[PDB]
Amino acid sequence: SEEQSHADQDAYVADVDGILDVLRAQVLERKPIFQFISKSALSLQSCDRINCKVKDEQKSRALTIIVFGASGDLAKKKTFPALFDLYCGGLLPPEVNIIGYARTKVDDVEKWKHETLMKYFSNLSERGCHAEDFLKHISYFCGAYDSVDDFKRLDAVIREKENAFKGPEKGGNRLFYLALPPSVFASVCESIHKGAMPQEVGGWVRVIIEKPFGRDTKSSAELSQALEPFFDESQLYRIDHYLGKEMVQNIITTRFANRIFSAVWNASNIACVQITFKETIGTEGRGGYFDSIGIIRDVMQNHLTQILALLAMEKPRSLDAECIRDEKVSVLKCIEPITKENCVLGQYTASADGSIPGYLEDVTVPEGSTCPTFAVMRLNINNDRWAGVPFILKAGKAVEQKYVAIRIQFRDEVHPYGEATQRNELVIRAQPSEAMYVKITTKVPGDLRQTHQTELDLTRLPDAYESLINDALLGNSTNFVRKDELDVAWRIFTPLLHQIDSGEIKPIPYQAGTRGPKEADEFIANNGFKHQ
Amino acid sequence: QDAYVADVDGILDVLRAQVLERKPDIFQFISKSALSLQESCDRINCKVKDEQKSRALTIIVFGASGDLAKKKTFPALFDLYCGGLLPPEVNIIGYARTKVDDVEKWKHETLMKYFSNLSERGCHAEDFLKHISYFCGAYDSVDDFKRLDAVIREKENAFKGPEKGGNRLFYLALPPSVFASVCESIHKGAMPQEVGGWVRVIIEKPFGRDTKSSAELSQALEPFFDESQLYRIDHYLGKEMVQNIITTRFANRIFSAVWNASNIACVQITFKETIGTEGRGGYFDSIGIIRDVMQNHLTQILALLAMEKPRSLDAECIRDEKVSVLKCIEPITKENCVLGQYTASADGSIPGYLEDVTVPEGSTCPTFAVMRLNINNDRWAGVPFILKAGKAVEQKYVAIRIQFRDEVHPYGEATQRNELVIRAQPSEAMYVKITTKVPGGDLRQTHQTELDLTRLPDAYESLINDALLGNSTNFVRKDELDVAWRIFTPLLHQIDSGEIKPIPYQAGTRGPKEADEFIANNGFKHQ
Amino acid sequence: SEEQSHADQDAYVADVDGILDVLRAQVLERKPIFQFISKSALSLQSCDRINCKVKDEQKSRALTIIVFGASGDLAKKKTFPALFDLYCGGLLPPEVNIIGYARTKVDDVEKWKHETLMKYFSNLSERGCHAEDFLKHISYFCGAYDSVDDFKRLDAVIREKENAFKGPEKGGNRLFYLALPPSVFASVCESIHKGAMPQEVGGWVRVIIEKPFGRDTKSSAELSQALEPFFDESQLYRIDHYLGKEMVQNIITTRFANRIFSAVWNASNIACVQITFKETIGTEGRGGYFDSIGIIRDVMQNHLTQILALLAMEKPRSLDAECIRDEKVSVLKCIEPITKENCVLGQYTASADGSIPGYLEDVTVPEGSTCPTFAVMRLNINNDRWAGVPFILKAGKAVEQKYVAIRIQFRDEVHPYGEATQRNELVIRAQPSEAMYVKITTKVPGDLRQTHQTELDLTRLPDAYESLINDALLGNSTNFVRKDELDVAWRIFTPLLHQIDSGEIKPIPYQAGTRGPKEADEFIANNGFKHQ
Ligand SMILES: O=P(O)(O)OC[C@H]1O[C@@H](O)[C@H](O)[C@@H](O)[C@@H]1O
């Protein structure tokens, strides 16, 4: 009935207009909204004191957070606004001292805090009735990144605040945030070691370092060696801003707490696994900085490999941090170096709109650039769980949608259902919002062959970046890459990166705002994935 | 045209079954095996297929003045009619012994007063009554069926449609003792016209009382009607629950991979009723709970639940698999059985089993049983299967409960056992119990969540529907019935010899406390 | 890996469904079948004139076959259909005369042939285009079994056909088939001798007699003495319908033509030998006839003892018939009378189904009957080849399967393999079809202790009964029990039979359709057999 299909479509619209009309009538009566509609449909189917949530140990002692490169883009646009959100969420100790350390003088600290920091503070009414109070916890310090007497001067500014601490324990804990280019990480850590470690009477030292952590096996190991005489792996926190705690729980708990999910989490049942990181934005005039890095070092060797490890690891001995990281390392050691045959690159050109100019139209990009802005590749995990299972990492700038997800596709059951069924999927999406769902086939209510695909959903708290800083403050290093883990990761990628810098794989042009090169989607279809 | 293929993969099915049974070179065995084979008032929306409205259909309900016919079968055909699942010009004949002078009064008094008075349906009663005639006859007189034939053949030629002849559905709403006689009488006296039409026969329980008495009845009927024609109906099995069982498992890798001993800790199939048996001792006392619902009804659900993967969804493949799995079940023993018999309710409103003039004093008949079955094959060895059925207990509940092995590491007490529930009564539900994260901390912060897995014809109606459509999937086959009786007959005899005796339980309680102890001692855990 | 075992089972099914799908696709293309599937799998792993096959001597002279008791169940259901199969197979001379001799008048011979004979003719299209032609070779004759003038009348009917013979030699050969109760065998053979021997000008006389041949030593010897003044042992053929030529070749040739098999065919290497005859049917309302016989006289003293002789005999001087029978006799003389200690009896009760009513529920069975319907027993052959080797005969009605086999179990090699090996077996099965196979242990492809049990197979032609009649027509008496052989056989069994009729061993009840009494399988385990 092609006549009835057309009449059903119109009837579904008019039936949706009928529902909405009722919901309209009642909303005109009561007149309170987004909440009210919710209940009526199911039926006949802020500026309050920060409630502190910090633990007893955290309020027991002075805390100082030192943000180096405090006037830099990362610090002012990302670190400081995160600290504010933690402040508002009640996740910093009440008396916390925040020091912005920069190389550049400032005549007016107060103007610096308003005009350079508070501008990037979330303006959400629930916050921004607390901005002024947070600014009172922030101080500016001006010094060099290589000069010990500066770090002593700094140490004496910090001691002054530690010693005024109006609570039980003595000394103070110090979190050093290195929002800096890697080239000065060694001199700062040393400066810190020589001049500004916590008082002997007590307190810990932790250091967060930002990417990049090398550019290949050799440069990465060097930077590790350069840091390790000053900070061991309990103190050093290499941050990947994108790794959300919520996603990490979705990966770990759904699987390891449930027999249904742990039993199918293997080669006997999974057809392909894809980890996807997509952005609509381009390199945004930072093309020249990106041109030295590329999409592979930018997000794949660090962020996606960290998601891969958690996804593919064997069951840890406990849910303790270092047991989880032991498994990440174990699984990565089973992965072969990626081959150029198993990689498809792209470089974006102007969007249809012009709103994203082409990569090579950025004047800071040098003529002849073969820098990949898109890459899909397959990794092989050789162990009993995973041998022969395709793992595809895919990352892209200037593509069709902003999107971060894990897609596991299970093998089809050809008999008995055949075309009346379809590969099951588990999807863990982090962006553009959280969802985790399985797609299975079920009966339709009213012949056995009559089936339906149905999504079963399985699922202001801190955002990804905020949860990581908080974790650093509590001493939880689960979601930070460990020195051994880093090296192994670099060994998976370094030969491919070398073959790319040697010119043996060229990026395929693609219009900004499309899915990327056509060859990439074909590559995915040729390595285990089946559509609809 | 098509009967080549129906033969071809009819052949592949035999090769299929042979290879899985010997477990060989797969190739060399296939070759070998081939060589050696030489208030709204909803109006009626027609949901019927092309084939069903292309030929006359007649439905003859034998025993039409019996309580079964008048209170269940006619009302159910009425509900199908309203649901638009009978062809427009369907012919229904009510066949009985008693002479009826006033046939239209009969339809009012005997039949229509049992049709649902529900507001949506009320309007169609009189219109459905048009499609029904009475017929007066015996169940063995050859001339009574010649006459029936002629009454039937009139209506078949008054049908204006593409196909000649008429399909005939014979509904034996009769005591089992007359089935053979009626079936022979149909065979010689009223088969469909050779020009065209199928014949199908629906028979009602009991299907014997043991292996011997059940095999006797199959042997009496098998000269007149084969397994494609004969439908042994189980009132209680519904289309919707069978689909939840087969589809949710077999369509899906995630469920198919855990449907086995390595992942499942125990399986319970439960049939609970609040009602008792008052004034039904004539039927019930010689039958008891095991024969009444467990040997027939619960065992079909078991077989569907436990069967190996069928090659296709064709009726007889599924039914081949039911048989294969039932044949791996050991006869139930007296040690794997707890029996009950209900006494008067605590509040005294409800009489006990024995308090009934239709029940002989000192009766031993169970109104309640829990039993453990063992399926000895690769998929199921060691897994406890518990069947539970009880009359006059605390609630009306029919469900399958599958409990999966716990993952003790690494979540420990922050997890428990996954479960899958398929529920049919008092309302349909299907869901899994899993543990997910709660946001706000430690990995060990978790929650138990129930994931839901997504006027219609009822259970009985959906089986009549399937009989009309020629789909025998949900009907116990002859061989299947034999194997089921062999599971239960030695126990049933051990019971009639009083090796095992029923424990009393007040009506309205859960049943004998020993039953819940049995279940916990057979692998179930209730946290 | 209990997880992988479950995943392997499912993978083997889905892999078998994949194979079958391909075989399905190709069969939908060509569309010719049972033959086509055969080749495709290995790959990328009738009404025509009777072709006469009769020898020159057989067509040289008239043949007449006289079936006495021609309207009896044996004749009409078994003898006549066999003759038809021989006819179709081209193994009767073209001009053969078949005479049905019965005691009972018949108004219409033609109706007799259609309604009483042809009904039991195989309806296989390849045959039944020849039925009418065969009926033209059959005549009915009505006479007494004791009256000489009847046999003269018969002789003159036969001469009429012999004398019309349109080929070289004169007279005619006469095969007399006595499908009769034994009580009239003497009077018929005498009647034959006095009245209907072949013409002097030429032709042989042969007589097939049906069982029983006595019921003990004494009655059997008497019947032998009663027959021997009329027919010597070159003319008298005592038929055992079950002894197939194919099985006899399997026993004789596999062993005596091969050094590998002859070398192990002895006490040094064989642990136990079992000869099994199993039926699913009951006594089938003939319970009263069976009640006078029992399973021991019915099938064990005749049929199984004949299989035993061929199995256990020393190498014959030649493969000539009388040399083979000389050895059968030799070996049977080494066998001790069976003892009641070495026998377990059974009597079947109703099947679970009712489809086989109990033995004692047959109204022709007299109350109190102790007639065995099942028996297992051990025989001891005392000679250099066999001393100490258990030989178990087992026969059963109303058991679990229809099955006839020889099972030889060889001693285990405990060292060095131990549990990684298992007793070798040679199996010669006749029913429900022919197979001969040895079970040995071999390596598995991919440690020395890793072993597999493997069956090596070593292996419309006439059926068993047909081959025997044909043999009678050719003068081959190999597979017929000889007078001396019979007597020796009876002496092995007569004391046991006497101890049974004297009530010193009672049958154990067993449900029809089970394996038989539990004590019997234990008896087999206590006399040399080891399972799996
Ligand atoms: O209502 P549904 O889901 O169609 O099924 C009806 C159910 O009714 C119950 O009473 C039966 O015990 C079930 O076996 C049956 O499935």
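In what follows, chains carry the letters A, B, and so on, assigned in the order in which the sequence lines appear, proteins first and then strands, with residues in each chain numbered from 1.
Ion pairing between B:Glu227 and B:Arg232 holds under the 4.0 Å rule for side-chain N and carboxylate O. Salt-bridge annotation for B:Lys155 and B:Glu89: absent, with no side-chain N of the basic residue lying under 4.0 Å from a carboxylate O of the acidic one. Under the 4.0 Å criterion applied to side-chain N and carboxylate O atoms, B:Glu109 and B:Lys113 are not assigned as salt-bridge partners. Using a cutoff of 4.0 Å between basic side-chain nitrogens and carboxylate oxygens, B:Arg153 and B:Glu156 are not scored as salt-bridged.
In this structure B:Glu222 satisfies the salt bridge (charged side-chain N to carboxylate O under 4.0 Å, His left out) test together with B:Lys478, sequence neighbours excluded. B:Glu321 is linked by a salt bridge (charged side-chain N to carboxylate O under 4.0 Å, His left out) to B:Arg16, counting only residues two or more places apart in sequence or in another chain. Remark: B:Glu216 pairs with B:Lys212 by the salt bridge (charged side-chain N to carboxylate O under 4.0 Å, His left out) rule, at least two apart or across chains. Under the rule for a side chain to side chain contact (heavy atoms under 4.5 Å, CB included), the partners of B:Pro175 that lie at least two apart in sequence or sit in another chain are B:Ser177, B:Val178. For B:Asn471, the side chain to side chain contact (heavy atoms under 4.5 Å, CB included) partners two or more places apart in sequence, or in a different chain, are B:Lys239, B:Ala315, B:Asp466, B:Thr473.
Side-chain atoms of B:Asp143 and B:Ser141 form no donor-acceptor pair, as typed in the model, at a separation below 3.5 Å. Under 3.5 Å, the side chains of C:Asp353 and C:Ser351 contain no donor-acceptor pair of N or O atoms. Using modelled atom types, one finds a donor on one side chain and an acceptor on the other under 3.5 Å when comparing B:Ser213 with B:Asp210. There is a side-chain donor-acceptor pair under 3.5 Å between B:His235 and B:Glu204. With 3.5 Å as the limit, one finds a donor-acceptor pair spanning the side chains of B:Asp292 and B:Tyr283.
Using cut-offs of 30° and 60° for the angle between ring planes, the C:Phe134 and C:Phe121 rings count as tilted.
Looking at B:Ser33 and B:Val14, their side chains never come closer than 4.5 Å, going by heavy atoms from C-beta outward. Annotation: side chain of A:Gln450 is not in contact with side chain of A:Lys443 (no heavy-atom distance under 4.5 Å).
Distance check, rounded to the nearest 0.5 Å: CG of B:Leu129 to CH2 of B:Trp106 gives 10.0 Å.
Under the 3.5 Å distance criterion, the side-chain polar atoms of C:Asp108 are matched with a main-chain donor or acceptor of C:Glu110.
If you look at B:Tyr95 and B:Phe145, their ring centroids are closer than 6.0 Å.
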Can you give the donor-acceptor pairs under 3.5 Å from side chains of residues 67-74 of chain B to other protein atoms, not counting sequence neighbours?
from	atom 1	to	atom 2	distance (Å)
B:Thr73	OG1	B:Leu68	O	3.4
B:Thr73	OG1	B:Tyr460	OH	2.9

